[PDB]
């Protein structure tokens, strides 16, 4: 008897993307998960290789396999093309961006072992809309817009409560700025209160985003599930990554009804690109989320325990964790504890 082979799309990305994905696929091959990799290009590399930021072959590959493991993609700051991360999240309607932040041993984080939260970030609307961005002809006045829908808010908050119930956690906190941004953030919060009604055993808390960031750096232990809109969830999940030892230890799963793309929270880290310093643990923790999603919880747990045990033994840790190791050294250290 063999296990079923499962094909996943693999996007190797830009900057540190290629080195951490080589490390990650090494560790997943050592796991013996029965995965076959179908490589696709997106963003910068896709544009130069196929003349298209998001090639039809990449869309067809993700549509067929319904699962991708993805390295970070660069999007240029200011003058240039629009985010292919956002474009893929919109195209596959991956509306739930699920970002757990959990204390690990022997990191450089300033916080003790009490952090254990999940950010559920709305992933398709809010302030991350390419449309409505305009600069006046004389370069004097720029406008940008945000859009929040009843349907979008409903499905993200229902995701957060269903996650609370499936995981046995007790509190969902809806994070907003509805005092100032009454239309969009306001609609999100009214829908969040309507949805909370249907899960009476789960504590529902509301909180303004600035207070939330202050509370996160003073008593991050109070938080369980945080549900919020696209931009706020972006800022909050990067802050929570800081609480548990930095971007090297923070995964983010983009979940939709028919498809899922698993990645790290972090970007392409151009300052260290190609120097073998990057921590591959964020992408490996995303691959662990992927393993839970595709029905291999025992292998997901095994990868997580291997990572924890490797940090516990301080074995071949990258510089971001206060080690002198390298990406592939760190990967081999984790592979050897499987």
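Numbering follows the first chain given and starts at 1.
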item	value
Between the two ranges 105 to 113 and 186 to 194, the one averaging a larger CA B factor in the entry	105 to 113
Stretch exceeding the other in mean C-alpha B-factor - 61 to 69, 29 to 37	29 to 37
Selection from 166, 247, 160, 178 [criterion: highest C-alpha temperature factor in the record]	166
Residue of maximum C-alpha B factor among 233, 100, 200, 267, per deposited coordinates	200
Position of residue 126 among the chain's modelled residues by C-alpha B-factor, lowest, middle or highest third	lowest
Assigned third (lowest, middle, highest) for the C-alpha B factor of residue 23	middle
CA B-factor placement of residue 82, once the chain's modelled residues are sorted into thirds	middle
Chain-relative CA temperature factor third for residue 141	middle
CA B-factor placement of residue 310, once the chain's modelled residues are sorted into thirds	middle
